[PDB]
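**Q** In their complex positions, the first chains:
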Amino acid sequence: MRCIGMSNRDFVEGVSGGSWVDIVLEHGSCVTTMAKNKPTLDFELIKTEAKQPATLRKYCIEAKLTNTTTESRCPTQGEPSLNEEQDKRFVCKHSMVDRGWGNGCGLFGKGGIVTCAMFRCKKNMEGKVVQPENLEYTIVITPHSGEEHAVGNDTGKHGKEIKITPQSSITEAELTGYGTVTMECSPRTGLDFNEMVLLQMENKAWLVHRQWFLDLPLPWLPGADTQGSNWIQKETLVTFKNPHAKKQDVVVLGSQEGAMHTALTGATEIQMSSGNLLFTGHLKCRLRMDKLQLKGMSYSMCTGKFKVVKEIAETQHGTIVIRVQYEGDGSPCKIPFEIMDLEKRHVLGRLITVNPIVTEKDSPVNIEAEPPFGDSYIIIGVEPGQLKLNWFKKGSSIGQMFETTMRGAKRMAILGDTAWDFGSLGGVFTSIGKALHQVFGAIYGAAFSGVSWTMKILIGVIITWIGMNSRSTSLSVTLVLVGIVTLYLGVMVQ
């Protein structure tokens, strides 16, 4: 029910070998899991808690230069020295100026001049590395219970909250009346934090890459530093000018906060105010619904009447949600919800909300179902009191095929080799497919390691042109499909 308001929503219709199914819950997305004789649930990864963060490296974004000292030396007499050079807090630089009789020297030439300035960092951004073992993925599990307000309710108090932690890969989620479900997640595999840093700067946090964070041209100090006075590579925030080769002036650059923000065009924004809250990534888990039972399966069919509380509203994927209130007696019962064609030969559409029941009297219950394309009749009640609701669902079979193909392609582009395990029930076919996709993704990451989307498009066009110009067999169409994959990855990014 919570997954209904979500735009990018997925539907899993597979259980085998013990009702185990591998799904991939995303922060911005949500997965609707359904089976034949098992209740449907809605899994949404709503939060990721990262605890005990270890500081990796602190960069300086805005600094200041005090105690500006400068001393020149006569030509052919060595370099000038300063008592502040021995202190690495003072950024120093040597250059050559014009020395002559007018500067107090005896010779005319290029004399050495040293300029030092105490480098005091005004504001610094912090880099924290978190081990993949101290993660805490918050997952909400909303069962399709047909509540009055369960549809799209993101406030909570309708589903169960599970804190997936690597310390306990095995865990059980106890629902209200649906029993318990098993969710074995792999937080160490998906979204590994061994090469990711939680860069914090002025109440704004990003999930940056470690290799990109280490080579940032800014004055930095290691995380073990508690004084904050020593900075490595101070020349990145400090310039030395030699106007007219007369004297050397040292100048501190402005606040690099704007430069950092325009340098984080690929990093994902997160929340770090009191706790490290990652709201991005994915979490792949196997779900087992053996102990999960249908709530109200023992309830009989109620021969009462139903009333339409909320009109039928079609979602973005085609599933319609109808709110119906039971009028007759015997409130615990199974709603005779069906979807047939106009002639009513048989049930042509499927039900998203498996086994819709009425919990209490005078309680509008929500029922979600995927009707077929075209005109259809939704039957809600029994023969005497029956609601025959006519619904026209737009789209076609080839249209839905194209939409689901594009959705799968986008999922493979976003998750890489993890999307091949989404909804996978096992077998040799999906196994070799995931293996080949992992090999191809490794090759792609080796090739396309840090390129932009425009460069991706350009390289894809070049590869497609070379493949079209390739006259030999078994090599042209491979290059063409590689170019098409690159074009798709370029047009589908960010």
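**A** Yes, it's here. Residues are numbered from 1 along each chain as shown, chains lettered A, B, ... in the order given.

**Q** so where does residue A:152 fall, helix or strand?
**A** Here residue A:152, judged by DSSP states H and E, is contained in no helix and no strand.

**Q** you'd agree it is up against residue A:30?
**A** No - with contact defined as CB atoms under 8 Å, residue A:152 does not reach residue A:30; the gap is 10.5 Å. Heads up, the C-betas are built off the backbone N, CA and C, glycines and all.

**Q** Give me the buried positions along stretch A:98-112.
**A** A:98-99, A:105, A:111-112 (16 or more other CB atoms under 10 Å).

**Q** Please disregard the earlier target; I meant stretch A:311-321.
**A** Quick answer for stretch A:311-321 (16+ other CB under 10 Å): A:312, A:314-315, A:317-321.

**Q** Show residues contacting it.
**A** Counting by CB atoms under 8 Å, 6 or more residues apart in numbering, stretch A:311-321 makes contact with A:4, A:7, A:9, A:11, A:151, A:310, A:322, A:352, A:366-371, A:373, A:378, A:389, A:391, A:393, A:395, A:400, all of which sit outside it.

**Q** Mind checking which of those are buried?
**A** Judged by 16+ other CB under 10 Å, buried ones among the contacts of stretch A:311-321: A:4, A:9, A:11, A:151, A:322, A:352, A:366-371, A:373, A:378, A:389, A:391, A:393.

**Q** Specify the beta-bridge partners of residue A:424.
**A** Assessed by DSSP bridges, residue A:424 has beta-bridge partners residue A:22.

**Q** That one: what's it in contact with?
**A** A:21-22, A:430, A:434.

**Q** Tell me if I'm right that residue A:106 and residue A:74 touch.
**A** Yes - checked against CB under 8 Å, the pair residue A:106 and residue A:74 is within contact range at 6.8 Å.

**Q** any shared contact partners between residue A:152 and residue A:30?
**A** If you check residue A:152 and residue A:30 against CB under 8 Å, 6+ apart, the residues they both contact are A:2, A:6.

**Q** Who has more neighbours out of the two?
**A** residue A:30 (23 against 16; other CB atoms under 10 Å).

**Q** surely the more buried one meets residue A:24?
**A** No - taking contacts as CB under 8 Å, residue A:30 lies outside contact range of residue A:24: 11.1 Å.

**Q** let's put chain B on the structure above:
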Amino acid sequence: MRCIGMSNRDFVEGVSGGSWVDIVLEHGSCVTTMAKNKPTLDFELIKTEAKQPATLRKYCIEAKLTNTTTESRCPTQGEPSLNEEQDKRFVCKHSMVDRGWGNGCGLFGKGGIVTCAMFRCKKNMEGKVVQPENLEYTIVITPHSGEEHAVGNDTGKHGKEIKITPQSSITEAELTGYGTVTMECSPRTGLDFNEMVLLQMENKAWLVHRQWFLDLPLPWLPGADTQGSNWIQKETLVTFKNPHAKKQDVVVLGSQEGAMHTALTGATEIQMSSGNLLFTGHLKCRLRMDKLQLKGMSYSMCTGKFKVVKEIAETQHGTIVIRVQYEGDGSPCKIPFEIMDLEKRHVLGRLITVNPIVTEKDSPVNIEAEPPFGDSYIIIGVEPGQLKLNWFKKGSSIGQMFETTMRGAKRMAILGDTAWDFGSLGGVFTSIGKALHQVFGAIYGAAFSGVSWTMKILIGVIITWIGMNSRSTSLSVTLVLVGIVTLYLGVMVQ
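**A** The block that follows adds chain B to the chains above:
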């Protein structure tokens, strides 16, 4: 004498047709003019006063967002309208969020959402423009007189300060006893300030191009604006993030002072505290020494002895400076300075300080002279009392030829067609040469408009390869010349 301490020093040795000579005085360099019957002068453009600055455009570098309001609209109902939409102070951006029953809507889909935030700029930078007639070039003229404190005295109190103003082109300089000299500049020809902007930010000023300044992607307001509340192109300092397509939050970027300093890798810094002080650029104009006369030319040759106060010191260009004091009687006299060879047969080295005289008794006299390469005998006194000091100047004739060729090439690469007027004595040859160089520089600025030095080197080697590959006559040599001048221009940058 002031020109001696300068490394980038030029020597003009030509006067004709009324003793007029065209010289380009630069801020970082200085010019030493000399004649055969007229005293040598030293010209240094030490300051440029730009008065009456008019603010053209104020850009914002650090802003602050307040009164963050947002409004979501149901799908198929248009875009949400707010009272802050008409307010130009509030920056807004429309987006699409997931709307359904969980958000208070009736339908499920992509509903419009607007988010407005009051754009309050806390720190900003200001661009000013000055009319070319509002300039005031401060030029110091230190004639070679021989004061012990005159050699390279940047403090002044030894020469004449001329305020070249475009309103008064022809100006006069009255020296102490050397007479008067004429300078006609009209700076409206060089350093066109109609296309240059003085950009001030946190007490740091730069001289940038007008087109580059007006194309800065930052929130700006016109200079005529006083309230400062209306900013154009606010979206360059704010980001509207839509996490999970649930809500659209706007966040202000950091201070763009560091990004601006990065964007000024080719701009020249100047001083702007109370008045616009340009310490860069050039001024090519004409100097007339017809009214100038030699000071002390009517004096006889004193027979007394001389003593060396300061030893002979060679400058970077090869001219040596000797500070000697007169001992005998008859203080106003002419120093018999000469530079002969080992055999002492005929003078070879020329005197930079022409007609050295003794002004007062017990006062050291400075004498600058260009000795030949190898050993040279400097004779300061008369036959009975004579200071025959031998000096060894390193280098060769081809060495000085290559040095002056590189100096002229650097001057050309810096000044465009303006360097062809340096030391120009008139005639058709230099005129057609300057015209051809101006045409070539126009085509170069059309081709090499705003490329970097690396791109300059790349295009140069590409043009050189194309010229070496071309087999046609009169097309390969010009292409190789274009390639090599592009190589030299790319090498000599900053």
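
**Q** The contacts of stretch A:311-321 with chain B there, same question as before?
**A** Under the criterion CB atoms under 8 Å, 6 or more residues apart in numbering or on different chains, residues A:4, A:7, A:9, A:11, A:151, A:310, A:322, A:352, A:366-371, A:373, A:378, A:389, A:391, A:393, A:395, A:400, B:100-101, B:106-110 lie in contact with stretch A:311-321.

**Q** Then stretch A:55-63?
**A** So stretch A:55-63 is contacted by A:119-129, A:197, A:201, A:210, A:213-214, A:216, A:218-225, A:228, A:231, A:237-238, A:252-257, A:260, B:254-255, B:257-258 (CB under 8 Å, 6+ apart).

**Q** Mark which of those residues are buried, thanks.
**A** A:119-121, A:124-129, A:197, A:201, A:213, A:216, A:218-221, A:223, A:231, A:237-238, A:252-257, A:260, B:254-255, B:257-258 (16 or more other CB atoms under 10 Å in any protein chain shown).

**Q** Can you tell me the SS state at residue A:133?
**A** Recorded secondary structure, residue A:133: helix (DSSP: H, G, I helix; E, B strand; the rest coil).

**Q** Count the residues that sit near it.
**A** By other CB atoms under 10 Å in any protein chain shown, 12 other residues sit near residue A:133.

**Q** is stretch A:221-231 anywhere near chain B?
**A** No - contact check for stretch A:221-231 against chain B, using CB under 8 Å from any CB of the partner chain: none in range, with a minimum separation of 15.4 Å.

**Q** what about that stretch, how long is it end to end?
**A** One end of stretch A:221-231 to the other measures 5 Å (CA to CA, to the nearest Å).

**Q** Give me the subset of the contacts of stretch A:55-63 that lies in helices.
**A** With DSSP state H as the criterion, helices contain A:210, A:213-214, A:257, A:260, B:257-258 from among the contacts of stretch A:55-63.

**Q** which residues of the stretch 251-400 of chain A fall in helices?
**A** Along the stretch 251-400 of chain A, the segments classed as helices by DSSP state H, counting those that start in this stretch run A:257-263, A:397-415.

**Q** Which strands and helices lie in contact with the last one?
**A** In this case it means helix A:397-415. strand A:20-26, helix A:476-491 (3 or more CB pairs under 8 Å, 6 or more residues apart in numbering or on different chains; DSSP states H and E).

**Q** Minimum distance to residue B:413: which of those has it?
**A** When these are compared by CB to CB, helix A:476-491 sits nearest residue B:413, at 41.1 Å.

**Q** starting at the chain centroid, how far to that closest one?
**A** With CA atoms, centre = their mean, to the nearest Å as the basis, helix A:476-491 stands 24 Å off its chain's centre.

**Q** Another chain to add, chain C:
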Amino acid sequence: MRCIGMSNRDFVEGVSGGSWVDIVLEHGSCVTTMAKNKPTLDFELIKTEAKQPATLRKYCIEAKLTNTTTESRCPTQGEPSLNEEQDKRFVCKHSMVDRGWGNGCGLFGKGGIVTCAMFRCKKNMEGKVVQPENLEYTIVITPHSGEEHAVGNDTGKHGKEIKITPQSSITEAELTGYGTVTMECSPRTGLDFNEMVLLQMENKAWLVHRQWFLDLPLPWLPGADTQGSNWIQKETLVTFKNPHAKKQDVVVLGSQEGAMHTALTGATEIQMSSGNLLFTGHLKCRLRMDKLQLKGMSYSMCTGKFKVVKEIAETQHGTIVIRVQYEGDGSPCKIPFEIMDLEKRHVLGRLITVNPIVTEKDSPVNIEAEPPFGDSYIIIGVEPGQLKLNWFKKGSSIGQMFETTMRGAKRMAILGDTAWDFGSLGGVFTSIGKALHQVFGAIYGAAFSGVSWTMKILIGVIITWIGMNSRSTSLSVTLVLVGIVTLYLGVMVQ
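**A** This next block brings in chain C, placed alongside the chains you saw above:
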């Protein structure tokens, strides 16, 4: 007289164009000059007083490490920092060590480790430079007078000690009764100290090259440093050993006195205890003996006899010295000294001590003369009392010519183009010869920059083989000549 005891002695027999002759005085050698009707002189550059030395760089040769501290960092958590890293006195180095549960951390991998040790240099060496204007070449001039112990007397009190200084190049030397001589030398051109450094270490001084001194891999500080705590390139004396990647132990290397001593093979040793005393190099200059007069020319030929005090001793160059005492009356007179053959047809040998006189009665007078090869008779007295002294001088004219050619080749190898001025009397021939040799020596120094004598012999043999293998005309003989002169410079070295 003083020049007789010298092993390396030169004889100049040329004066023209104003009674001037160019001679090159060396420290290890001496120059015996003579004219036709002018007294012979002996010039020996005995000392070079370098004054006003300016330290340009001080290298450390032995240090000690104190306050050795170290700390390791957990893997994947950055580098470890220390409070001593901000002090440049503490040499530090970062590395990786095996970190796991046994070391106190949780992760198993390569954790960062740093170790800082205070670099306190206990003993070091000092490098100074002296300006060419601050030199003082001490030259002794001993005229051939014939005292009792004047021959080979290196203590002094026999000639005049002139201090050639560049402050006053032209200077006169007043002898006892031989008149005055003129000698301007300009120590600037000979052995220029602009590219040389006086290196002092444990009361032992050397005259090193400036480039070789600046590129010494040792901890150095600029000469302007007065505290001596901050050093540059301390990693050359301080190494960090990490056995088995467990811990980084810092240790300082041994004292570099022996390494420097073996590194100063091509350097010439001098004395620097209270003043900079250079006892090496050369000084080429012109000597004018136009004012030089013969002492005792007004004395007539005495009739008294002489007695031999010391036997005739032949020097290393072929000249003989005879000590005779006058016995007759009228001691001030010109000794009738001559060298004839058996038949005594006319004089065959030349007299070194021009115009030998007896200064005082009963005082041994030393007479030097160069007899011809073979048998000769030295006539000392008049026919009443006459000393018939036989002398057989071994050698021949071809042997003397070969020895003179070898001496000239050695002088040209030691002084380069300066040796071509030795004994020069002007003219276009010697001028073009010196110019050609100067260009050849410049090319030689550009090719043979710092090669050793073994590598010199190797390249000489290679060039000789190339010349013998090159069959082209006017190009192979030059290669063979280059190979021969390279072989000669190799065998005549150090």
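
**Q** Please re-evaluate the neighbour count of residue A:133 in the presence of chain C.
**A** Neighbour count for residue A:133, taken as other CB under 10 Å: 14.

**Q** wait, doesn't it sit right on residue A:169?
**A** No - using CB under 8 Å, residue A:133 is not in contact with residue A:169; the gap is 11.0 Å.

**Q** Just give me the longest strand of chain A.
**A** Ranked by residue count and defined by DSSP state E, the top strand of chain A is strand A:109-129.

**Q** just checking, what packs against it?
**A** strand A:54-72, strand A:90-99, strand A:196-201, strand A:238-241, strand A:249-252.

**Q** Name the residues of the last one that are buried.
**A** Going by neighbour count (16+ other CB under 10 Å), the buried part of strand A:249-252 is A:250, A:252.

**Q** In PDB, list the C-alpha atoms belonging to that strand.
**A** Provided in PDB are the C-alpha atoms of strand A:249-252 (Å, rounded to 0.1, in the frame of the first residue of the first chain):
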ATOM      1  CA  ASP A 249      53.300  39.000  -2.400                       C
ATOM      2  CA  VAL A 250      51.500  36.000  -0.900                       C
ATOM      3  CA  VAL A 251      47.700  35.800  -1.200                       C
ATOM      4  CA  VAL A 252      45.100  33.400   0.200                       C
END
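
**Q** Parallel or antiparallel, which strands does that strand pair with?
**A** Strand A:249-252 is paired, per DSSP bridges, with strand A:238-241 (antiparallel).

**Q** Return the distance of the strand it pairs with from the chain's centre.
**A** 40 Å.

**Q** Pull the residues that contact that strand.
**A** By CB under 8 Å, 6+ apart, the list of residues contacting strand A:238-241 from outside reads A:63, A:65, A:91, A:93, A:95, A:115, A:117, A:119, A:219, A:248-253, B:261, B:269.

**Q** and the angle from the longest strand of chain A to strand A:196-201?
**A** 110 degrees (axes from the mean of the first three to the mean of the last three CA atoms, to 10 degrees).

**Q** Taking their axis directions, strand A:109-129 and strand A:90-99 sit at what angle?
**A** 160 degrees.

**Q** In the sheet, which strands lie alongside strand A:109-129, parallel or antiparallel?
**A** strand A:54-72 (antiparallel), strand A:90-99 (antiparallel), strand A:196-201 (antiparallel).

**Q** which one of those strands is the most hemmed in?
**A** Most buried of the strands paired with strand A:109-129 by mean neighbour count (mean count of other CB atoms under 10 Å in any protein chain shown) is strand A:196-201; its value is a mean of 23.
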